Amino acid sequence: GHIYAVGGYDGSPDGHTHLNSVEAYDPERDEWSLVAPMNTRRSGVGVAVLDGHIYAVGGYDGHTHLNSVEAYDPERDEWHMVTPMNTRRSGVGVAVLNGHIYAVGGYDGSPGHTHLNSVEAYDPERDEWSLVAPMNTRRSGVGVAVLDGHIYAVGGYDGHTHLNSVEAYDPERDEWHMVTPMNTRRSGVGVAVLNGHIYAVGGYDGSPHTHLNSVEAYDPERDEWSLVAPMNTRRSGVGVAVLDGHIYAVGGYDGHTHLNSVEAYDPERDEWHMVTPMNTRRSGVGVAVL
C-alpha cells in the first residue's frame, strides 16, 4: 500500500505555488516518488479512494475555487476529469461511504456562498453529483471521516469562528446530528479513523494557540474526545491517512513554513516519529491510501 500526497500549496519564495503534482510514499522502502500530475493545480483539495481510483475533489488553483473533480488510475498512471460538483469548494472534506463519495463543506470564494454547509454525493456508476442534507454549521477547512455507517464532520471554520463542534451524518435517514465537541477548536484539521476511534490531527485555532501540534481521539461508544500524544510539528492544512496500523500526518503549515515533513503515529506506543520528507512542501494537501 502507498500513501499519495495530492496537490497542496508550496508558499515558499522559490515555490511552484498551487500544486498539480502528486507523490507516493512506500513505507517499506521509506521513499517518496513523484507520480503523474493532475490536470488542475489544487490546494485545499479533498481526496478519497473508491474502487481502485483516487479522486481529487475541488480545491483552489490560484485563481479559482474549483468544482472540478478528477480521478487517478494507478495502473495507467493517469488522471481524468470526471463530472464536476454542483458547487465550487476549496477546503472541502471528502469521505467514501457505501459506494458514494461525499463532498462536505468547504469554501466557495467566488464573487458565491462563502463558507459552506452544503453537502453533495457522487455516484460513480451514474457519474452524477447530488445535493444531500446540509450540515447544521458552515465548515471550511473541515475534516471528514467515516465510522460505522456515519460520516463525521470535524471542526472547520464558519466564516466567523474556528470550530470545536462535530456532527455526524446518517445516510439512511439523510440527517446530521451534533455530537460531543472536541477539546480544541481546529480549522484546517486532518482526520482519520483507526481501531474504532476518530483522530483529529493538528489544525489552527484562530481564536484570540494558533497552529496546532495537538491530536485528540474520539470514542463513539462513550461520545468523548481525549487528547493523545502531540505531534512533533505544528501542522494546519495537514493531510492524514492510515496505513498498516499507523496514522501519517503529511505536510501542512507550521505558522512560519509550508512543510514537506511527515510523521507517523503508533497507537500502541502513543508516539509520533518523523519519517522521510516529501519531495515538495505542501500545505492544504490531500492524502489517500491505495
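One-based numbering along the sequence shown.
If you average the CA temperature factors over each stretch, which comes out higher, 272 to 280 or 15 to 23?
Between 15 to 23 and 272 to 280, it is 15 to 23 that shows the higher mean C-alpha B-factor.
Could you check which stretch, 155 to 163 or 87 to 95, carries the larger mean CA temperature factor in the entry?
Looking at the recorded C-alpha B-factors, 155 to 163 comes out higher on average.
Name the residue from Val35, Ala56, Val250, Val49 with the greatest C-alpha temperature factor listed in the entry.
It is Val35.
Per the coordinate record, which of the options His113, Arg186, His100, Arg139 holds the highest CA temperature factor?
The C-alpha B-factor peaks, among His113, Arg186, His100, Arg139, at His113.
Can you work out whether the C-alpha temperature factor of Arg234 puts it in the lowest, middle or highest third of the chain?
According to the entry, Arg234 has a C-alpha B-factor in the chain's lowest third.
Sort the modelled residues of this chain by their C-alpha B factor and say whether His65 lands in the lowest, middle or highest third.
Middle third, going by the recorded CA B-factors of the chain.
Taking the chain's C-alpha temperature factors as the reference, tell me which third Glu120 falls into: lowest, middle or highest.
Lowest third - that is where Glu120 ends up once the chain's C-alpha B-factors are sorted.
Sorting the chain's modelled residues by C-alpha B-factor, tell me whether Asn213 ends up in the lowest, middle or highest third.
For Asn213, the deposited C-alpha B-factor lands in the lowest third.
For the chain shown, is the CA B-factor of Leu131 in the lowest, middle or highest third of its modelled residues?
For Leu131, the deposited C-alpha B-factor lands in the middle third.
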